[PDB]
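These notes concern the structure reproduced below.
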Amino acid sequence: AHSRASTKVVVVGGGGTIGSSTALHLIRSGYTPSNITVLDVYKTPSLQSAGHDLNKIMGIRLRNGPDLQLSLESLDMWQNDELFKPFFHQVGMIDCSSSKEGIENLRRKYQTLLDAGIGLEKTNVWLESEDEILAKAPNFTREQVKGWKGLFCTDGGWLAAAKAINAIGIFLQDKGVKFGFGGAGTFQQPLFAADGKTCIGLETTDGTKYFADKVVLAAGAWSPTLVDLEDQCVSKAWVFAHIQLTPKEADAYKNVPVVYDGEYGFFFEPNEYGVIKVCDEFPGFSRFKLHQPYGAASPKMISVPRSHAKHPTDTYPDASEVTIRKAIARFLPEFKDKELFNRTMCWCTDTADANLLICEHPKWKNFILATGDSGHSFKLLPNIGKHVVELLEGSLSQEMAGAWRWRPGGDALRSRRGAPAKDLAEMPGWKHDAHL
Ligand SMILES: Cc1cc2nc3c(=O)[nH]c(=O)nc-3n(C[C@H](O)[C@H](O)[C@H](O)COP(=O)(O)OP(=O)(O)OC[C@H]3O[C@@H](n4cnc5c(N)ncnc54)[C@H](O)[C@@H]3O)c2cc1C
């Protein structure tokens, strides 16, 4: 515990999901706005954030105990918090499959919700027939959904990810939070007291020093490139592309639920401009490089994001074009011949157990790690920062702290993905620098 009036906190990655949430909650908790500094490479929402997207799925996670609480806190805020409400489109979500194994997995998912005995059945509906699926998704045809079975999350939908992070940044700026970007916002190293162990701020790549009582490293997929996380977090890329619908087609897809099949991927209702985003589903791609983060004695093998923001001409691997097109054929057969654009790789960071890594650095007192999003944490935007502030103040619940603790040793490359990510170096087609 410490004064909220006199304590300075610097948040690194303030343009991102966990960083923005943290900044927001320092301000809501009553920290002096001018004592809060938010740093990022790019002005918020950072072009580089995994959160800078037309959309992310809003759904429920149950694996661990924290999952359930986090998921319910999240939903409550997206539904009722004035700041967040406009960016949650509660169109529901259909999780479907037509394979023997995929359907059994869905029945398992449903059983799981039911087994919790907190009334999840009232917002999660089993869809056993074509009729029930067609009712949730009128764009589908009966022939198309032959043998499909479904779980419908009536509570679910999608999140206007970039807009929501932007709204936080506006709020913070208004309150008088300090910001640093580019050279003045790019983390280089922590600064230490004379003991070499107590963190007292951080220095950026342009040499600017920021002194503060607590530092929060919420740099997302770049976090393990900035400090040695001992393989707890492996950054991986997922992929998406866009297709343009005509005004007529776009009208038809208005308010369609998010549609997801673990064997294919998912798509979202068109944005205001008639554009649908399609994603596949796969274990992600790594991009290992020899890299020496601050504090490391020798260079390490770290998956270093290949950022679309830095490399506008990058697309994604040829293997992704195949799987994206398979998703389109499955979900949007009438659009098979639409041309794709904005082919993009977007980066997240996996831990071995898919839980967050939110904890004080084991050696550097006052330096908090807040990462390990594991590719399903955008929905935690509204609430995750509350628990980061709790950690900062020493009041984080023991079960939550334990789940998120420093815990080197697992296999983050495989995580809970069913397979280790393949490396971009082995997956041709994404790099186009070489017309230059
Ligand atoms: C294709 C794809 C689809 C996804 N779909 C969903 C979904 O449907 N539902 C869901 O809940 N989640 C989804 N996710 C995951 C979600 O986007 C992430 O879990 C979440 O955005 C992670 O937030 P973060 O704070 O950990 O990182 P980020 O949001 O990426 O923010 C990290 C910030 O750190 C900054 N940074 C990097 N280096 C430095 C530095 N040196 N100094 C200062 N700042 C730095 C970056 O610019 C960035 O702004 C998806 C992810 C991907 C890739």
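Starting from 1 in every chain, residues are counted up; chains themselves are A, B, ... following the order of the structure tokens, and ligands are numbered from 1 as listed.
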Would you return as a VMD selection string the members of stretch 131-346 of chain A that DSSP assigns to strand (DSSP E or B) on this structure's backbone? chain A and resid 149 to 153 157 to 159 178 to 181 187 to 192 198 to 204 209 to 211 214 to 217 227 234 to 244 258 to 261 265 to 267 275 to 280 285 to 286 288 to 291 294 300 to 303 341 to 346
Output C-alpha atoms for every residue in the selection just made, as a PDB file, in the first residue's frame.
```pdb
ATOM      1  CA  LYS A 149     -24.544 -28.233 -34.551  1.00  0.00           C
ATOM      2  CA  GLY A 150     -24.118 -25.153 -32.427  1.00  0.00           C
ATOM      3  CA  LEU A 151     -23.711 -23.361 -29.167  1.00  0.00           C
ATOM      4  CA  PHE A 152     -25.201 -19.880 -29.185  1.00  0.00           C
ATOM      5  CA  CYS A 153     -23.919 -17.294 -26.716  1.00  0.00           C
ATOM      6  CA  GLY A 157     -20.804 -10.452 -29.787  1.00  0.00           C
ATOM      7  CA  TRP A 158     -17.932  -8.316 -30.942  1.00  0.00           C
ATOM      8  CA  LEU A 159     -15.868  -5.429 -29.620  1.00  0.00           C
ATOM      9  CA  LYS A 178       1.263  12.537 -19.208  1.00  0.00           C
ATOM     10  CA  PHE A 179       2.109  10.817 -22.510  1.00  0.00           C
ATOM     11  CA  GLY A 180       5.316   9.885 -24.321  1.00  0.00           C
ATOM     12  CA  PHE A 181       5.556   8.472 -27.842  1.00  0.00           C
ATOM     13  CA  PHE A 187      11.221   1.344 -23.529  1.00  0.00           C
ATOM     14  CA  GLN A 188      14.956   0.682 -23.356  1.00  0.00           C
ATOM     15  CA  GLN A 189      15.666  -0.233 -19.724  1.00  0.00           C
ATOM     16  CA  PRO A 190      14.484   0.220 -16.147  1.00  0.00           C
ATOM     17  CA  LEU A 191      16.359   2.695 -13.959  1.00  0.00           C
ATOM     18  CA  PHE A 192      17.552   1.481 -10.576  1.00  0.00           C
ATOM     19  CA  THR A 198      14.951  -1.365  -6.680  1.00  0.00           C
ATOM     20  CA  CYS A 199      13.398   0.095  -9.804  1.00  0.00           C
ATOM     21  CA  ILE A 200      12.915   3.878  -9.715  1.00  0.00           C
ATOM     22  CA  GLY A 201      11.745   4.482 -13.246  1.00  0.00           C
ATOM     23  CA  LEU A 202      12.755   3.699 -16.803  1.00  0.00           C
ATOM     24  CA  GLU A 203      14.737   5.132 -19.694  1.00  0.00           C
ATOM     25  CA  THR A 204      13.526   5.216 -23.281  1.00  0.00           C
ATOM     26  CA  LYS A 209      14.428   9.250 -18.192  1.00  0.00           C
ATOM     27  CA  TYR A 210      11.139   8.888 -16.342  1.00  0.00           C
ATOM     28  CA  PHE A 211      11.377   8.558 -12.584  1.00  0.00           C
ATOM     29  CA  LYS A 214       6.154   1.905  -9.916  1.00  0.00           C
ATOM     30  CA  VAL A 215       6.685   0.867 -13.513  1.00  0.00           C
ATOM     31  CA  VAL A 216       4.220  -1.348 -15.383  1.00  0.00           C
ATOM     32  CA  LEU A 217       5.517  -3.164 -18.460  1.00  0.00           C
ATOM     33  CA  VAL A 227      13.043  -7.968 -20.699  1.00  0.00           C
ATOM     34  CA  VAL A 234       6.251 -16.743 -26.751  1.00  0.00           C
ATOM     35  CA  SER A 235       4.855 -14.153 -29.147  1.00  0.00           C
ATOM     36  CA  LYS A 236       2.903 -15.542 -32.089  1.00  0.00           C
ATOM     37  CA  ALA A 237       1.084 -14.072 -35.069  1.00  0.00           C
ATOM     38  CA  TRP A 238      -2.469 -14.749 -36.125  1.00  0.00           C
ATOM     39  CA  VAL A 239      -3.915 -13.649 -39.446  1.00  0.00           C
ATOM     40  CA  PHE A 240      -6.871 -11.875 -40.972  1.00  0.00           C
ATOM     41  CA  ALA A 241      -8.033 -10.381 -44.218  1.00  0.00           C
ATOM     42  CA  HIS A 242     -10.858  -8.123 -45.366  1.00  0.00           C
ATOM     43  CA  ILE A 243     -13.466  -8.422 -48.087  1.00  0.00           C
ATOM     44  CA  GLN A 244     -15.667  -5.632 -49.388  1.00  0.00           C
ATOM     45  CA  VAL A 258     -20.125 -13.673 -34.803  1.00  0.00           C
ATOM     46  CA  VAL A 259     -19.705 -17.078 -36.387  1.00  0.00           C
ATOM     47  CA  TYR A 260     -16.971 -19.432 -35.289  1.00  0.00           C
ATOM     48  CA  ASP A 261     -15.877 -22.997 -36.034  1.00  0.00           C
ATOM     49  CA  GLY A 265     -12.026 -19.799 -38.231  1.00  0.00           C
ATOM     50  CA  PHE A 266     -14.505 -16.967 -37.822  1.00  0.00           C
ATOM     51  CA  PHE A 267     -15.931 -13.830 -39.366  1.00  0.00           C
ATOM     52  CA  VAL A 275     -16.083  -4.582 -44.912  1.00  0.00           C
ATOM     53  CA  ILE A 276     -16.013  -8.041 -43.382  1.00  0.00           C
ATOM     54  CA  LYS A 277     -12.959  -9.336 -41.509  1.00  0.00           C
ATOM     55  CA  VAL A 278     -12.222 -13.056 -41.729  1.00  0.00           C
ATOM     56  CA  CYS A 279      -9.777 -15.033 -39.553  1.00  0.00           C
ATOM     57  CA  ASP A 280      -8.710 -18.640 -39.630  1.00  0.00           C
ATOM     58  CA  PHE A 285       3.318 -18.408 -36.113  1.00  0.00           C
ATOM     59  CA  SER A 286       6.504 -17.622 -34.198  1.00  0.00           C
ATOM     60  CA  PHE A 288      12.503 -16.513 -33.538  1.00  0.00           C
ATOM     61  CA  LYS A 289      15.521 -14.237 -33.682  1.00  0.00           C
ATOM     62  CA  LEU A 290      18.768 -13.962 -31.774  1.00  0.00           C
ATOM     63  CA  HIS A 291      17.972 -11.099 -29.432  1.00  0.00           C
ATOM     64  CA  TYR A 294      17.938  -5.593 -21.292  1.00  0.00           C
ATOM     65  CA  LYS A 300      18.627 -15.352 -26.442  1.00  0.00           C
ATOM     66  CA  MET A 301      16.298 -17.038 -28.901  1.00  0.00           C
ATOM     67  CA  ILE A 302      13.140 -14.923 -28.634  1.00  0.00           C
ATOM     68  CA  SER A 303      10.072 -14.727 -30.900  1.00  0.00           C
ATOM     69  CA  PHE A 341      -7.206  -7.131 -49.005  1.00  0.00           C
ATOM     70  CA  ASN A 342      -5.565  -5.901 -45.838  1.00  0.00           C
ATOM     71  CA  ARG A 343      -3.939  -9.305 -45.401  1.00  0.00           C
ATOM     72  CA  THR A 344      -2.332  -8.814 -41.986  1.00  0.00           C
ATOM     73  CA  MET A 345      -0.393 -10.534 -39.238  1.00  0.00           C
ATOM     74  CA  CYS A 346      -1.334  -9.428 -35.700  1.00  0.00           C
TER      75      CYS A 346
END
```
Identify, on the basis of only C-alpha atoms, every residue whose closest approach to residue A:34 does not exceed 9 Å; exclude the query and any residue fewer than 6 positions from it along the same chain; express the result as a PDB file with N, CA, C and O atoms, in the first residue's frame.
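Final output, out.pdb:
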```pdb
ATOM      1  N   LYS A   8       3.979   8.085  -8.089  1.00  0.00           N
ATOM      2  CA  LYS A   8       4.103   8.169  -9.546  1.00  0.00           C
ATOM      3  C   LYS A   8       4.171   6.783 -10.155  1.00  0.00           C
ATOM      4  O   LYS A   8       4.880   5.905  -9.655  1.00  0.00           O
ATOM      5  N   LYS A 175      -8.017  14.101 -18.523  1.00  0.00           N
ATOM      6  CA  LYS A 175      -7.770  14.187 -17.085  1.00  0.00           C
ATOM      7  C   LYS A 175      -6.392  14.769 -16.775  1.00  0.00           C
ATOM      8  O   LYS A 175      -6.138  15.201 -15.656  1.00  0.00           O
ATOM      9  N   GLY A 176      -5.496  14.769 -17.755  1.00  0.00           N
ATOM     10  CA  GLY A 176      -4.176  15.345 -17.558  1.00  0.00           C
ATOM     11  C   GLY A 176      -3.056  14.336 -17.353  1.00  0.00           C
ATOM     12  O   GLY A 176      -1.983  14.663 -16.829  1.00  0.00           O
ATOM     13  N   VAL A 177      -3.295  13.099 -17.762  1.00  0.00           N
ATOM     14  CA  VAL A 177      -2.246  12.084 -17.754  1.00  0.00           C
ATOM     15  C   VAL A 177      -1.107  12.531 -18.676  1.00  0.00           C
ATOM     16  O   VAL A 177      -1.352  13.201 -19.667  1.00  0.00           O
ATOM     17  N   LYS A 178       0.137  12.184 -18.346  1.00  0.00           N
ATOM     18  CA  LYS A 178       1.263  12.537 -19.208  1.00  0.00           C
ATOM     19  C   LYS A 178       1.491  11.434 -20.242  1.00  0.00           C
ATOM     20  O   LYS A 178       1.370  10.260 -19.921  1.00  0.00           O
TER      21      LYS A 178
END
```
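Put simply, atom CA of residue A:51 is 5.8 Å away from atom CA of residue A:162.
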Would you please extract all alpha helix (DSSP H) residues from stretch 41-249 of chain A, as assigned by DSSP on the backbone, and give them as a PyMOL selection string? chain A and resi 65-80+100-115+130-136+161-175+223-226+247-249
Dump of C-alpha atoms for the selected residues, as a PDB file, in the first residue's frame:
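Once written, again05.pdb looks like this:
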```pdb
ATOM      1  CA  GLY A  65     -11.206 -19.885 -11.586  1.00  0.00           C
ATOM      2  CA  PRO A  66      -9.884 -16.470 -12.620  1.00  0.00           C
ATOM      3  CA  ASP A  67     -11.365 -17.036 -16.072  1.00  0.00           C
ATOM      4  CA  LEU A  68     -14.928 -17.046 -14.803  1.00  0.00           C
ATOM      5  CA  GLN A  69     -14.618 -14.003 -12.552  1.00  0.00           C
ATOM      6  CA  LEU A  70     -12.687 -12.067 -15.183  1.00  0.00           C
ATOM      7  CA  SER A  71     -15.236 -12.974 -17.837  1.00  0.00           C
ATOM      8  CA  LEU A  72     -18.202 -11.866 -15.769  1.00  0.00           C
ATOM      9  CA  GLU A  73     -16.557  -8.597 -14.644  1.00  0.00           C
ATOM     10  CA  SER A  74     -15.731  -7.955 -18.289  1.00  0.00           C
ATOM     11  CA  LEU A  75     -19.261  -8.611 -19.542  1.00  0.00           C
ATOM     12  CA  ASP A  76     -20.799  -6.443 -16.816  1.00  0.00           C
ATOM     13  CA  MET A  77     -18.653  -3.479 -17.857  1.00  0.00           C
ATOM     14  CA  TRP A  78     -19.067  -3.857 -21.617  1.00  0.00           C
ATOM     15  CA  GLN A  79     -22.814  -3.950 -20.920  1.00  0.00           C
ATOM     16  CA  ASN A  80     -23.066  -1.157 -18.353  1.00  0.00           C
ATOM     17  CA  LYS A 100     -17.831 -35.969 -35.254  1.00  0.00           C
ATOM     18  CA  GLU A 101     -15.005 -34.733 -33.037  1.00  0.00           C
ATOM     19  CA  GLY A 102     -15.891 -31.047 -33.328  1.00  0.00           C
ATOM     20  CA  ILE A 103     -19.497 -31.640 -32.314  1.00  0.00           C
ATOM     21  CA  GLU A 104     -18.424 -33.783 -29.334  1.00  0.00           C
ATOM     22  CA  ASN A 105     -16.120 -30.933 -28.308  1.00  0.00           C
ATOM     23  CA  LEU A 106     -19.050 -28.498 -28.457  1.00  0.00           C
ATOM     24  CA  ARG A 107     -21.229 -30.768 -26.325  1.00  0.00           C
ATOM     25  CA  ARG A 108     -18.328 -30.746 -23.862  1.00  0.00           C
ATOM     26  CA  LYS A 109     -18.188 -26.930 -23.935  1.00  0.00           C
ATOM     27  CA  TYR A 110     -21.924 -26.767 -23.224  1.00  0.00           C
ATOM     28  CA  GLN A 111     -21.716 -29.344 -20.430  1.00  0.00           C
ATOM     29  CA  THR A 112     -18.972 -27.212 -18.902  1.00  0.00           C
ATOM     30  CA  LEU A 113     -21.116 -24.051 -18.783  1.00  0.00           C
ATOM     31  CA  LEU A 114     -23.976 -26.042 -17.373  1.00  0.00           C
ATOM     32  CA  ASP A 115     -21.830 -27.788 -14.755  1.00  0.00           C
ATOM     33  CA  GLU A 130     -30.504 -26.676 -38.972  1.00  0.00           C
ATOM     34  CA  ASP A 131     -33.669 -24.708 -38.127  1.00  0.00           C
ATOM     35  CA  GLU A 132     -32.176 -23.359 -34.899  1.00  0.00           C
ATOM     36  CA  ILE A 133     -28.927 -22.332 -36.615  1.00  0.00           C
ATOM     37  CA  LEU A 134     -30.693 -20.652 -39.526  1.00  0.00           C
ATOM     38  CA  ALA A 135     -32.734 -18.640 -37.009  1.00  0.00           C
ATOM     39  CA  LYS A 136     -29.579 -17.189 -35.455  1.00  0.00           C
ATOM     40  CA  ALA A 161     -11.334  -2.857 -30.324  1.00  0.00           C
ATOM     41  CA  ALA A 162      -9.472   0.157 -31.688  1.00  0.00           C
ATOM     42  CA  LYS A 163     -12.302   2.584 -30.901  1.00  0.00           C
ATOM     43  CA  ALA A 164     -12.464   1.441 -27.296  1.00  0.00           C
ATOM     44  CA  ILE A 165      -8.727   1.902 -26.696  1.00  0.00           C
ATOM     45  CA  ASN A 166      -8.990   5.288 -28.377  1.00  0.00           C
ATOM     46  CA  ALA A 167     -11.800   6.308 -26.008  1.00  0.00           C
ATOM     47  CA  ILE A 168      -9.614   5.446 -23.018  1.00  0.00           C
ATOM     48  CA  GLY A 169      -6.764   7.550 -24.370  1.00  0.00           C
ATOM     49  CA  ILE A 170      -9.085  10.533 -24.875  1.00  0.00           C
ATOM     50  CA  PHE A 171     -10.317  10.193 -21.289  1.00  0.00           C
ATOM     51  CA  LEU A 172      -6.774   9.995 -19.911  1.00  0.00           C
ATOM     52  CA  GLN A 173      -5.582  12.937 -21.976  1.00  0.00           C
ATOM     53  CA  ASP A 174      -8.550  14.971 -20.737  1.00  0.00           C
ATOM     54  CA  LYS A 175      -7.770  14.187 -17.085  1.00  0.00           C
ATOM     55  CA  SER A 223       7.218  -7.620 -23.719  1.00  0.00           C
ATOM     56  CA  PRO A 224       9.483 -10.690 -23.938  1.00  0.00           C
ATOM     57  CA  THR A 225      11.757  -8.836 -26.372  1.00  0.00           C
ATOM     58  CA  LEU A 226      12.204  -5.993 -23.843  1.00  0.00           C
ATOM     59  CA  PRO A 247     -24.419  -1.991 -49.901  1.00  0.00           C
ATOM     60  CA  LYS A 248     -26.992  -4.710 -50.635  1.00  0.00           C
ATOM     61  CA  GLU A 249     -24.857  -7.550 -49.306  1.00  0.00           C
TER      62      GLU A 249
END
```
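Taking atom 53 (C, counted along the ligand's line) of ligand 1 and atom CA of residue A:284 as the two end points, the separation is 8.6 Å.
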Would you mind telling me which residue in A:357, A:1, A:145, A:160 lies nearest to residue A:88 when using only C-alpha atoms? A:160
